[PDB]
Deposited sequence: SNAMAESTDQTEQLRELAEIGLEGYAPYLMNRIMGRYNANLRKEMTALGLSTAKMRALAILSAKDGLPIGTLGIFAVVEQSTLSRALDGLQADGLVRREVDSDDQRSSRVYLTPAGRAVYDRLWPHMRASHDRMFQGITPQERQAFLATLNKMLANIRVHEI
């Protein structure tokens, strides 16, 4: 019932926090290199998969607090990597520019390298099963139904 009894290696949050800690740490290394923060790296990645998002929705997908994300977008826009336009819902949507995708495409090899490392010697069947379980857990835990 209690954590001592379960063991850290039988407690999914321990494992996931540590795996993601290393994945994230590895990308952090490339920050000063790309002139990008974590918030910016996350925003570009999400936008590369799906463009034209309201800020609030982007922040939920990216796991970035809204004020932190707004500052990140200000920076990305200043550098020509994203553009923002007002809706008539009196709000704004964010779009990836070709310059922004070019920058994102130079980040992807590090994301891919860590993704491929973490999955070494795990079969396509085990991966499929893994992703299915994660999607169920995300549906279960999430506060926002997206």
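- Coordinate coverage of the deposited sequence breaks at 1-14, 102-103, these segments carrying no C-alpha atoms.
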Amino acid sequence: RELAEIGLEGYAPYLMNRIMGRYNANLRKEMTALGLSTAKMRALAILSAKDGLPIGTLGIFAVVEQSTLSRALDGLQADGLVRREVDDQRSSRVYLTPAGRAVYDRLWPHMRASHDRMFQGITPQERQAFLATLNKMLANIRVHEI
From here on, numbers count along this sequence of modelled residues.
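- When the mean C-alpha temperature factors of 45-53 and 88-96 are read from the deposited coordinates, 88-96 comes out higher.
- For the pair 29-37 and 54-62, the record assigns the higher mean C-alpha temperature factor to 29-37.
- For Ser67, the recorded CA B-factor ranks within the highest third of the chain. Only modelled residues enter the ranking.
- In this PDB entry, the Cα temperature factor of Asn17 sits in the bottom third of its chain's modelled residues, the lowest group.
- Among all modelled residues in this chain, the alpha-carbon of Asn135 has a temperature factor (C-alpha) in the middle third.
- Ranked within its chain, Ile141 lands in the lowest third, by CA B factor from the PDB record.
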